[PDB]
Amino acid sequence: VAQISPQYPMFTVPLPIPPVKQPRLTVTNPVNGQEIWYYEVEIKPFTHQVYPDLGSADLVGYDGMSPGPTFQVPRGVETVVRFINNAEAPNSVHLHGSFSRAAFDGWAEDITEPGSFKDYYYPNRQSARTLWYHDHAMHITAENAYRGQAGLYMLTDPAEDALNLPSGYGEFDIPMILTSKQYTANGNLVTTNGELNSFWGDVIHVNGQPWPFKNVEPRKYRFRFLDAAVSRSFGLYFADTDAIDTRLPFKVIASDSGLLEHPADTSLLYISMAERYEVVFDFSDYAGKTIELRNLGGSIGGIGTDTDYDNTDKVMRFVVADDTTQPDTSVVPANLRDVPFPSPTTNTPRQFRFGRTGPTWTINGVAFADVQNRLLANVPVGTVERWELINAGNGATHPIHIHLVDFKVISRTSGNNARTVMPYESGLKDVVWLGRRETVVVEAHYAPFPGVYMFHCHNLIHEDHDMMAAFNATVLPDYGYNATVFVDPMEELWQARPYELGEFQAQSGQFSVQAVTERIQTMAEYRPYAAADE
């Protein structure tokens, strides 16, 4: 249907690459003698000139940019991030893909008010993967994410680096953060506020830029796809502009939780909100050609319900040079890793129905606001469970996300006989797309940390109104590991604290080296991640 947003100069602006975020300090952990990397991120308003001949757009971002800066963290290095609210509305930061403790996970009620900060303590122990950090504040997640609060967080491993995949952040390893928004006649954003169905957007962005281009050499690139959109799901394919409907082969090498067992040879990649897939595309057969990254129409080929607009079939263009300036020393091995699948279970699956209760998006008829009814499962730590995730309806779709865990996709059924499990769903995931009339069974090890955690649809409009619930990963009273201060996301020890902007700017008072060192060393003495030690 007709584009609503003003006409944009398609494929004229280079793909931006978010800068790498550097830590301010390293603090010695008195428990293990190891360095903890400490970072400061300032959430603040800013403007950006999106449309060259109109006015600017009003954004609110991590470090006053969108996307937020990219984290690059080696496995085995703990991190503390001080997220400072210098904005207009509350925030709650979630590191999506991290088995963080409950009070460091972005629980939707665990908010930071403007004029406060919160210290988040992250483990960085899981398999190498593409994580992302984003806002999660109750009922305002869609607008906070839409206006800029999302960024990438790469967890690295020298063992994965030994596979010799295309490498170098911004060189041959390229972030591909997808969003879908709508602009006013004078080039500002159309707010998501008021939307209760879905906010599709008619302008496709990569790394915050509408319909960009990038100059590439005729060789292999690693692309890290993230769907950070409010409500748009995608069916991605590549085509030569000389044959714009002919899909070009590529390889999927990783899903939400890390590498697949083997690369999946693919010409069409379904990707829904909060999913990450890493692709290697080989431009060597396309020297001197322009390759367009495109998006399926027909509501993602009948899997979705999304509205399609005049230019939502287009993502970006790659302009391929005639030769390389350096040899392509990269490869995609046929064997990537032994995926650490959970033990199979015989426990009858738990059922969760994603639908509506009057106008509200619900789980088993419950809204997250309903404190009394929203705790839908008690799961003893160490248990494996199958969850049967049911979309009975034809009128919407739901990418379901479970915090804490990685899971195996066991099965997909479709009431439209449309598809089953996709080859790139063969590994470990933390989001799974329930297309029209789809039921998916997932299998997860509820481990290794006890606490109250969220699960929800990741369509941010559904999520806010109000399709989210909780589970409790439970332990007995003789379980140790300081569990009594780590199970409750609202535990007073880990709450947000007020700050004065002068002290932040001067790096004085509670931002002094001495004050930060004492705070982080005190936090480290509680040993939040010890139950994951190997």
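In case it trips you up, residue 1 is the first one in the sequence shown, and so on.
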- Task: Quick one: say whether 404-412 or 343-351 has the higher mean Cα B-factor in the deposited entry.
- Result: 343-351
- Note on the structure: For 182-190 versus 460-468, entry-based mean Cα B-factors point to 182-190
- Note on the structure: Among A89, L155, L269, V279, the highest C-alpha B-factor in the PDB entry belongs to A89
- Item | Member of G151, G288, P399, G235 with the greatest C-alpha B factor (per the PDB record) | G288
- Task: Among all modelled residues of this chain, ranked by Cα B factor, put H96 in the bottom, middle or top third, i.e. lowest, middle or highest.
- Result: lowest
- Using the B-factors in the PDB entry, rank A229's C-alpha atom against the chain and give the third, lowest, middle or highest. lowest
- Note on the structure: By the entry's values, the third containing the CA B factor of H139 is the highest
- Message: Considering every modelled residue of the chain and its Cα B-factor in the PDB entry, is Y38 in the lowest, middle or highest third?
- Response: lowest
- Of the three thirds of its chain by CA temperature factor, lowest, middle or highest, which one includes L54? highest
